[PDB]
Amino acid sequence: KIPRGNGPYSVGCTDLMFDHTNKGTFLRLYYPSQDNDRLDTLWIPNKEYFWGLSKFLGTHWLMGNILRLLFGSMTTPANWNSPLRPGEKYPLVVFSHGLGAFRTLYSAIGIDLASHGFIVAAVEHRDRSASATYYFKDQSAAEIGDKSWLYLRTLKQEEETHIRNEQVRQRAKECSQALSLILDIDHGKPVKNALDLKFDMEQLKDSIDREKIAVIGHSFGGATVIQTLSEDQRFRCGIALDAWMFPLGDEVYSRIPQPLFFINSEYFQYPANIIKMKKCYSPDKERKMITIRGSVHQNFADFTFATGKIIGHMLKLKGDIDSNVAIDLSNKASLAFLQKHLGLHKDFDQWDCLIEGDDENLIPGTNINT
């Protein structure tokens, strides 16, 4: 089970696609809800995501059908299409998923933030870094629900530098576009969701705390954080979860004025990647880094909760550290950082010492020597 949020608010979830095209925005929204008696949210909601994950793993497409069978009915503890909790303006996180992932696979993070009173927009990227995604060829197709699928692109070694950088720039643009869509919905523009879901977007009107915007992401999503910050000053801080720095151009490093927080796993990181992170540091800029002891790259994504302890450790979905323990540390430290740099008046400053890695399961900075 993906854990429930630790915060006081109940949590809702819905999908938004606008426009309907491959250049439109597609995101999963997690938000504070009133109602707690709705059906839980289907975790991986289409069979084509399993086909996607199979290609991503480099296995026979039929392995996809087996993944579906195992995980296809699994839910995540968010009330599907619940009404938004009214009467308060919520800060906004835009969340960027990793390579081979998609929008639904960071619900532990998204649910927890929402339970503390954030609205989380987990984008689905159309850069072919997602295992799968979908969109509609034109208006007719969107009405009848005729989905077109776009699958992960496998690169040759000689495309890697160029293409990963093209993708990270597109990802940043998709983050910025998602932000503008949400802010517009906040500013009351009618938007016809391309998905026919029973969630009236008009509830979102005047529900966003417009200047309290942050961007968060895992791995490829962590680079996306950094690109996004250096492209859109509307984002006031970033949190990179085990950032994979390779996609970034040499230009961006000196070009990130906003506070930035690296939350790393113990076993993923390596000198080349750490050196690139330290290239973001300048005396005039706010930068924090912590390393979660006994953790692996996958501790930040939902599949760390989807299998048993033994199978999970074997597949490097789980580390030596308990997955709930690990994600609690990442989430609580994130909340403290956000409160600090968005100027929130909540109680997240109780976790301030975790930003400093002052905990028996944290390492201040990094374990990697460079």
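Note that the rigid core is defined as the largest set of C-alphas that superpose within 1.5 Å between two forms. In this text, residue numbers run from 1 along the sequence as written.
Using the rigid core as the fitting frame, the root mean square C-alpha deviation in 9 other deposited structures of this protein is greater for 137 to 145 than for the other of 155 to 163 and 137 to 145.
The stretch that moves more in 9 other deposited structures of this protein, judged by CA deviation after a rigid core superposition and choosing between 341 to 349 and 59 to 67, is 59 to 67.
For the segment pair 60 to 68 and 37 to 45, the entry gives 60 to 68 the higher mean B-factor, averaged over Cα atoms.
Comparing 239 to 247 with 146 to 154, the stretch with the higher mean C-alpha B-factor in the PDB entry is 146 to 154. Residue set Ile311, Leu338, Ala301, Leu29: peak C-alpha B-factor at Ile311 (per PDB entry). When the C-alpha B-factors of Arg234, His125, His297, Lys205 are ranked from the entry, the top spot goes to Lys205. Ranked within its chain, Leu16 lands in the lowest third, by CA B factor from the PDB record. The deposited CA B-factor of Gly221 belongs to the lowest third of values across its chain. Sort the modelled residues of the chain by CA B factor and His162 lands in the highest third. In the deposited entry, the Cα temperature factor of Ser323 sits in the middle third of values across the chain's modelled residues. The PDB entry assigns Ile274 a C-alpha temperature factor belonging to the middle third of its chain's modelled residues.
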